[PDB]
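What follows is a set of notes on a single structure, which appears directly below.
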Amino acid sequence: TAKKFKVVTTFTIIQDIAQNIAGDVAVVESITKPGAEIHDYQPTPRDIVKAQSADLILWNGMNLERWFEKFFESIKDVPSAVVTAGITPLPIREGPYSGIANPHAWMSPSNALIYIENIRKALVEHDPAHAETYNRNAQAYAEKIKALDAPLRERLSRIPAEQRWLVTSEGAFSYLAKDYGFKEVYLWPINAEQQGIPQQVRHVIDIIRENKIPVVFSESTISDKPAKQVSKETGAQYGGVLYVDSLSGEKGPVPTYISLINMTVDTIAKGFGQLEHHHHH
Ligand SMILES: [Fe+3]
């Protein structure tokens with residue numbers, strides 16, 4: 001058989017999901033590389049050539065990729081497909097992007113089942129010669145995602161309802177927090193060049209003090225300094241780096257979509273746990 005069906009995605013979470021559905025019969029490549037900021041990414045000549053060479057382009061939609069529309073004007077005769085059809089959007093409530101959908105829908109495992117379904121449909125339509133391989137790989141991979149729900153829930157189970165505050169830098173965890181009963185606090189609603197972050201840093205400092213929230217987090221594609229400022233001024237621990245916008249590289253700590261969900265939930269649970277330094281009181 002000749003060269004495989006080539007799929008190009010806008011960022012790495014879609015790439016890894018799509019690659020599991022594709023298995024060995026298609027090659028899935030990501031426009032943005034691990035670690036790169038994906039909201040205001042600036043496409044390069046490599047990105048255009050890679051997209052022009054694909055047989056299918058997958059993107060998130062929900063205004064995640066602010067660059068995609070201009071980028072896509074420069075690609076001729078490549079079909080695109082949004083992978084979030086059927087997602088129920090949560091709105092951004094503050095800032096210059098109030099009213100636009102919060103696009104980080106993949107942070108909910110049960111939304112991943114909708115991503116998988118939409119990717120599977122797109123692949124079967126545009127490469128029907130391998131339809132049965134996509135359908136079987138999509139089914140098998142949905143079962144892996146469904147098996148995550150019960151252990152993720154167990155991992156968070158000793159944080160009582162009123163202590164479940166998720167304090168992060170980007171408000172990128174709203175779909176995860178909704179599924180698992182967390183109240184979200186963020187330093188900015190969504191990545192962008194924007195006013196109001198120093199103000200919000202001080203608003204969040206007050207919320208942590210009033211509710212005795214023990215931990216705050218940052219994310220892997222943005223600067224950890226505002227979160228460290230919050231930790232310094234409140235006494236809350238800096239709980240480390242959460243992954244939402246990007247996987248790591250293939251040899252780093254978060255190589256797959258499932259690992260991103262597990263590491264993020266585990267890092268959250270470790271931030272609330274009492275297993276630090278201990279004395280005999
Ligand atoms: Fe984001």
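Going by the structure tokens order, chains are called A, B, ..., each with residues numbered from 1, while ligands are numbered from 1 in the order shown.
Residues in contact range of residue 104 (chain A), defined as at most 8 Å between only C-alpha atoms, with sequence neighbours fewer than 4 positions away removed, read residues 64, 172, 173, 174, 175, 244 and 245 of chain A.
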For the contact check between chain A and ligand 1, emit one row per residue of chain A within 10 Å, containing the shortest atom pair and the distance in Å rounded to one decimal, counting only C-alpha atoms and all ligand atoms, chain then rising number order, as CSV.
```
residue,atom,partner,partner_atom_place_in_ligand_line,distance
A:37,CA,ligand 1,1 (Fe),7.9
A:38,CA,ligand 1,1 (Fe),7.0
A:39,CA,ligand 1,1 (Fe),6.3
A:40,CA,ligand 1,1 (Fe),9.8
A:64,CA,ligand 1,1 (Fe),7.5
A:65,CA,ligand 1,1 (Fe),9.6
A:102,CA,ligand 1,1 (Fe),8.7
A:103,CA,ligand 1,1 (Fe),7.5
A:104,CA,ligand 1,1 (Fe),6.4
A:169,CA,ligand 1,1 (Fe),9.9
A:170,CA,ligand 1,1 (Fe),6.6
A:171,CA,ligand 1,1 (Fe),7.7
A:172,CA,ligand 1,1 (Fe),5.5
A:173,CA,ligand 1,1 (Fe),9.0
A:189,CA,ligand 1,1 (Fe),9.2
A:190,CA,ligand 1,1 (Fe),6.1
A:191,CA,ligand 1,1 (Fe),5.8
A:192,CA,ligand 1,1 (Fe),9.2
A:219,CA,ligand 1,1 (Fe),8.9
A:221,CA,ligand 1,1 (Fe),8.5
A:222,CA,ligand 1,1 (Fe),9.1
A:243,CA,ligand 1,1 (Fe),9.7
A:244,CA,ligand 1,1 (Fe),6.8
A:245,CA,ligand 1,1 (Fe),5.1
A:246,CA,ligand 1,1 (Fe),8.7
```
Next on the checklist: According to DSSP computed on the backbone, where in region 3-243 of chain A is there helix (DSSP H, G or I)? Give the residues as a ChimeraX atom specification.
Outcome noted: /A:12-22,45-52,68-72,105-107,109-126,128-146,149-155,161-163,174-180,197-211,225-234
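Proximity to residue 106 (chain A) at 8 Å, evaluated using only C-alpha atoms and with sequence-adjacent residues fewer than 5 positions away removed, yields residues 111, 112, 115 and 175 of chain A.
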For the residues selected in the previous step, produce a file with C-alpha atoms as a PDB file, in the first residue's frame.
```
ATOM      1  CA  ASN A 111     -16.335  15.392  26.435  1.00  0.00           C
ATOM      2  CA  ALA A 112     -13.389  13.401  25.062  1.00  0.00           C
ATOM      3  CA  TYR A 115     -14.163  14.524  20.427  1.00  0.00           C
ATOM      4  CA  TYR A 175     -15.096  21.639  32.104  1.00  0.00           C
TER       5      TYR A 175
END
```
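Omitting residue 127 (chain A) and its sequence neighbours fewer than 5 positions away, and counting only C-alpha atoms, the residues within 9 Å are residues 5, 55 and 122 of chain A.
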Next on the checklist: as number ranges by chain, please: every residue in region 62-116 of chain A that a backbone DSSP assignment puts in strand (DSSP E or B).
Outcome noted: A: 80-82, 90-91, 101-102
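The shell of residues at most 10 Å from residue 72 (chain A), with only C-alpha atoms counted and near chain neighbours (fewer than 3 positions) removed, consists of residues 48, 51, 52, 57, 67, 68, 69, 75, 76, 78 and 80 of chain A.
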May I have the residues from that selection written out with N, CA and C atoms, as a short mmCIF file (atom, residue, chain, number, x, y, z; two decimals), in the first residue's frame?
```
data_model
loop_
_atom_site.label_atom_id
_atom_site.label_comp_id
_atom_site.auth_asym_id
_atom_site.auth_seq_id
_atom_site.Cartn_x
_atom_site.Cartn_y
_atom_site.Cartn_z
N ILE A 48 2.16 25.98 7.08
CA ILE A 48 1.35 26.05 5.88
C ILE A 48 1.61 24.83 5.00
N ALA A 51 0.02 21.72 6.45
CA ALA A 51 -1.44 21.69 6.29
C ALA A 51 -1.84 21.50 4.83
N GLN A 52 -1.12 22.15 3.91
CA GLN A 52 -1.42 22.00 2.49
C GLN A 52 -1.19 20.58 2.01
N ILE A 57 -7.82 18.35 7.85
CA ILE A 57 -7.37 19.22 8.93
C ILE A 57 -8.41 19.19 10.04
N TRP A 67 -5.92 32.14 15.36
CA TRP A 67 -5.14 32.23 14.14
C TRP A 67 -5.69 31.38 13.01
N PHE A 68 -6.64 30.49 13.29
CA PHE A 68 -6.94 29.45 12.30
C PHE A 68 -7.57 30.04 11.05
N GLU A 69 -8.45 31.03 11.22
CA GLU A 69 -9.18 31.55 10.07
C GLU A 69 -8.26 32.18 9.04
N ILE A 75 -4.75 27.81 2.70
CA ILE A 75 -4.75 26.40 2.33
C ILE A 75 -5.83 26.19 1.28
N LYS A 76 -5.47 25.55 0.16
CA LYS A 76 -6.41 25.31 -0.93
C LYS A 76 -6.76 23.83 -1.02
N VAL A 78 -8.13 21.53 0.97
CA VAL A 78 -7.97 20.55 2.04
C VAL A 78 -9.21 20.63 2.93
N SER A 80 -11.44 20.61 6.15
CA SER A 80 -11.31 20.80 7.58
C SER A 80 -12.55 20.27 8.28
#
```
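Residue nearest residue 225 (chain A), chosen from A:88, A:241, A:162, A:10 and counting only C-alpha atoms: A:241.
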Checklist entry - Which neighbours of residue 228 (chain A) fall inside 8 Å, counting only C-alpha atoms, when residues of the same chain fewer than 4 positions from it are skipped, and could you give them as a PyMOL selection string? => result chain A and resi 224+232+238
Checklist entry - Hey, what's within 7 Å of region 209-214 of chain A if we count only C-alpha atoms and toss same-chain stuff fewer than 5 positions away? As a PyMOL selection string, please? => result chain A and resi 165+234+236-237+272
Mind dumping the selected residues with N, CA and C atoms as a PDB file, in the first residue's frame?
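Wrote it out as selection-v4.pdb, contents follow:
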```
ATOM      1  N   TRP A 165     -11.766  23.835  45.713  1.00  0.00           N
ATOM      2  CA  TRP A 165     -11.503  25.020  44.917  1.00  0.00           C
ATOM      3  C   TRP A 165     -10.307  24.725  44.033  1.00  0.00           C
ATOM      4  N   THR A 234      -0.222  34.655  49.963  1.00  0.00           N
ATOM      5  CA  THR A 234      -1.321  34.043  50.691  1.00  0.00           C
ATOM      6  C   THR A 234      -0.880  33.021  51.726  1.00  0.00           C
ATOM      7  N   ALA A 236      -0.510  29.961  50.518  1.00  0.00           N
ATOM      8  CA  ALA A 236      -0.861  28.711  49.862  1.00  0.00           C
ATOM      9  C   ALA A 236       0.353  28.133  49.149  1.00  0.00           C
ATOM     10  N   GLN A 237       0.393  26.806  49.054  1.00  0.00           N
ATOM     11  CA  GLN A 237       1.467  26.142  48.332  1.00  0.00           C
ATOM     12  C   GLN A 237       1.308  26.372  46.844  1.00  0.00           C
ATOM     13  N   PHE A 272      -3.869  19.083  47.715  1.00  0.00           N
ATOM     14  CA  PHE A 272      -4.748  19.099  48.881  1.00  0.00           C
ATOM     15  C   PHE A 272      -4.339  18.096  49.953  1.00  0.00           C
TER      16      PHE A 272
END
```
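One finds CA of residue 199 (chain A) at 29.2 Å from CA of residue 108 (chain A).
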Next on the checklist: Ranking A:168, A:9, A:256, A:264 by minimum distance to residue 30 (chain A) and counting only C-alpha atoms, which one comes first?
Outcome noted: A:9
Checklist outcome for this item: Across A:62, A:148, A:22, A:82, the smallest distance to residue 118 (chain A), with only C-alpha atoms counted, is shown by A:82
Checklist entry - So how many Å separate CA of residue 249 (chain A) and CA of residue 150 (chain A), to one decimal? => result 27.4 Å
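Using only C-alpha atoms for every distance, the candidate list A:50, A:280, A:93, A:183 yields A:183 as the residue closest to residue 167 (chain A).
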Give me the region 219-274 of chain A side of the contact with region 141-147 of chain A, cut-off 10 Å, one line per residue showing its nearest atom pair and distance in Å at one decimal, counting only C-alpha atoms, sorted by chain and residue number, as CSV.
```
residue,atom,partner,partner_atom,distance
A:257,CA,A:145,CA,9.5
A:258,CA,A:145,CA,7.3
A:261,CA,A:145,CA,9.7
```
With C-alpha atoms kept, could you save the residues just selected as a PDB file, in the first residue's frame?
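Everything below was put into out-v5.pdb:
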```pdb
ATOM      1  CA  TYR A 257      -4.162  12.648  26.306  1.00  0.00           C
ATOM      2  CA  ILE A 258      -4.908  10.077  29.019  1.00  0.00           C
ATOM      3  CA  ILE A 261      -5.952  13.862  32.490  1.00  0.00           C
TER       4      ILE A 261
END
```
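Here CA of residue 58 (chain A) stands at a distance of 14.3 Å from CA of residue 20 (chain A).
Using only C-alpha atoms, the shortest contact distance between residue 274 (chain A) and any of A:124, A:177, A:216, A:159 is found at A:159.
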Next on the checklist: Measuring between only C-alpha atoms, which one of A:229, A:19, A:24, A:49 shows the shortest distance to residue 3 (chain A)?
Outcome noted: A:24
